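Beneath this line is the structure, given in structure tokens, with notes to follow.
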Amino acid sequence: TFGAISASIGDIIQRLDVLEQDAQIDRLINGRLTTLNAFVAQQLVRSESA
Amino acid sequence: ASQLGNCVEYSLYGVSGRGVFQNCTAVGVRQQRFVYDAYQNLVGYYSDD
């Protein structure tokens with residue numbers, strides 16, 4: 001539950017219609033990409049130290 | 001729409017998710033249908049019938 005409305009995928013169909021589910025899924029995508037970028041950077045740090 | 005297939009996918013009374021079900025042990029109060037585990041999701045039971 002990273003974003004505001006994030007039930008696995010933001011309101012897939014059953015919680016919202018298309019034109020705004022686009023926006024909420026987009027928020028969730030952006031946040032989940034940021035998390036994955038952070039994960040890669042920290043893996044690089046530990047790999048250098050190792 | 002009954003527990004004939006313990007295959008992937010299902011819809012609970014309050015939530016809808018894809019999952020594989022089995023008749024397991026006896027954990028849970030049995031007073032509430034959905035039991036969770038320390039996070040968002042439910043390793044909880046169908047609690048059907």
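FYI, nothing fancy with the structure tokens labels: chains A, B, ... in order, residues from 1 per chain, ligands from 1 as they appear.
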*For chain A, report every residue with an atom at most 12 Å from chain B (counting only C-alpha atoms), formatted as a PyMOL selection string.*
chain A and resi 1-2+6-9+11-15
Residues as selected, C-alpha atoms, written as a PDB file, in the first residue's frame, can you do that?
```
ATOM      1  CA  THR A   1       0.000   0.000   0.000  1.00  0.00           C
ATOM      2  CA  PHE A   2       2.543   2.641  -1.150  1.00  0.00           C
ATOM      3  CA  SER A   6      -3.294   1.274  -3.799  1.00  0.00           C
ATOM      4  CA  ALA A   7      -5.156  -2.086  -3.584  1.00  0.00           C
ATOM      5  CA  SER A   8      -2.304  -3.971  -5.423  1.00  0.00           C
ATOM      6  CA  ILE A   9      -3.220  -1.927  -8.566  1.00  0.00           C
ATOM      7  CA  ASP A  11      -8.749   0.723  -8.425  1.00  0.00           C
ATOM      8  CA  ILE A  12      -8.306  -1.660 -11.329  1.00  0.00           C
ATOM      9  CA  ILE A  13     -11.792  -1.371 -12.808  1.00  0.00           C
ATOM     10  CA  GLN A  14     -13.992  -2.279  -9.860  1.00  0.00           C
ATOM     11  CA  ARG A  15     -13.055   0.758  -7.799  1.00  0.00           C
TER      12      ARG A  15
END
```
_Test item: residues at most 12 Å from residue 26 in chain B, only C-alpha atoms, excluding those fewer than 5 positions along its chain, as a PyMOL selection string_ = chain B and resi 35+44-45+47
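As for CA of residue 11 in chain B and CA of residue 4 in chain A, they are spaced 23.1 Å apart.
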Shell around residue 21 in chain B at 8 Å using only C-alpha atoms, local window under 3 positions removed, as an mmCIF file with C-alpha atoms, in the first residue's frame:
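Saved to selection_27.cif:
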```cif
data_model
loop_
_atom_site.group_PDB
_atom_site.id
_atom_site.type_symbol
_atom_site.label_atom_id
_atom_site.label_comp_id
_atom_site.auth_asym_id
_atom_site.auth_seq_id
_atom_site.Cartn_x
_atom_site.Cartn_y
_atom_site.Cartn_z
ATOM 1 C CA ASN B 6 -8.935 -24.712 -5.394
ATOM 2 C CA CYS B 7 -7.261 -23.114 -8.473
ATOM 3 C CA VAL B 8 -6.155 -19.450 -8.996
ATOM 4 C CA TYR B 45 -9.865 -18.015 4.711
#
```
*Would you give me, as a ChimeraX atom specification, the residues in chain A that DSSP reads as alpha helix (DSSP H)?*
/A:18-49
